[PDB]
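These notes concern the structure reproduced below.
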Number of protein chains: 2
Amino acid sequence: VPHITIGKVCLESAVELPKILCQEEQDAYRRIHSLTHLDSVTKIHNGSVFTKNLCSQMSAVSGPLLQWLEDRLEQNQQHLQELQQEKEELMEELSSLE
Amino acid sequence: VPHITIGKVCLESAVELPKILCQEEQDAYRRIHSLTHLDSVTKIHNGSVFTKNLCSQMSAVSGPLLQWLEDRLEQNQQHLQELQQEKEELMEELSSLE
């Protein structure tokens, strides 16, 4: 079914992806940190891994998602301007007839 | 050829391996930074990779090598004590005999 515009529910659901990925990484890391009986150098290694993982998440997901939302705001601004122009044109065409 | 004990030359050669591995990683990182015009999150990711690589190098090479050298020092102390005991025993055996 063509839903001409994006619903608030679907935007609030689509922005959940980076949050859920970050929560997945955090839960994996918490399960890693749960084993208290652990080397310090291993913890530094795991910290480096966690940093690179979230850097990948931001480079591949959050960044492009935010860029798409900015581009869509530009598209929406242009479309609103054109539709306001068309509304004024139709209002002028119909109003003077009476 | 059975070389009963360690020459200093071989220790000075064995300690060059961690240096060469660290230098290899460092040269990789330096050649990575040549295209300075690069994303910042990507540079954080590459820094994390460098840190994880050196953490692995220390966990798998430098650490076990240092443990081996400490174990060898303990072995040499025990062996020195045993050989001193044996030297005293042979000194007594040759003094009392003829």
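When we count neighbours, we look across all protein chains shown, and the Cβ atoms used for this are built from the backbone with ideal geometry, even at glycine. Where a number appears in this text, it was derived from the coordinates with a stated rule and is not lab data.
Worth pointing out:
- Filtered residues of region B:38-71 (kept if under 19 Å from A:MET58 (Cβ atoms) and either among the β-branched types (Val, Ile, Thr) or outside any helix (DSSP H, G or I) (or both)): B:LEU38, B:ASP39, B:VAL41, B:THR42, B:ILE44, B:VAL49, B:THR51
- Sole residue being more than 27 Å from B:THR42 (Cβ to Cβ), more than 9 Å from chain B (Cβ to nearest Cβ) and of a type outside the set (S, T, N, Q), chosen from A:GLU82, A:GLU70: A:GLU82
- For beta carbons closer than 9 Å, sequence separation of 6+ or different chains, a first residue in region B:29-58 that is more than 7 Å from chain A (Cβ to nearest Cβ) and a second that is of a type in the set (A, V, I, L, M, F, W, C) and assigned to a loop (DSSP other than H, G, I, E, B), the qualifying pairs are B:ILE32/B:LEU38; B:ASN46/B:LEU38.
- Residues of region A:4-46 classified as more than 17 Å from the chain's Cα centre (by Cα) and of a type in the set (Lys, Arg), total: 3
- Failed criterion for B:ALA14 (all others in (1) more than 14 Å from chain A (Cβ to nearest Cβ); (2) of a type in the set (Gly, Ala, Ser); (3) under 27 Å from A:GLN57 (Cβ atoms) hold): (3)
- Checking B:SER13 against (1) closer than 24 Å to A:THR51 by Cα; (2) assigned to a helix (DSSP H, G or I); (3) of a type in the set (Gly, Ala, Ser), the condition it does not meet: (1)
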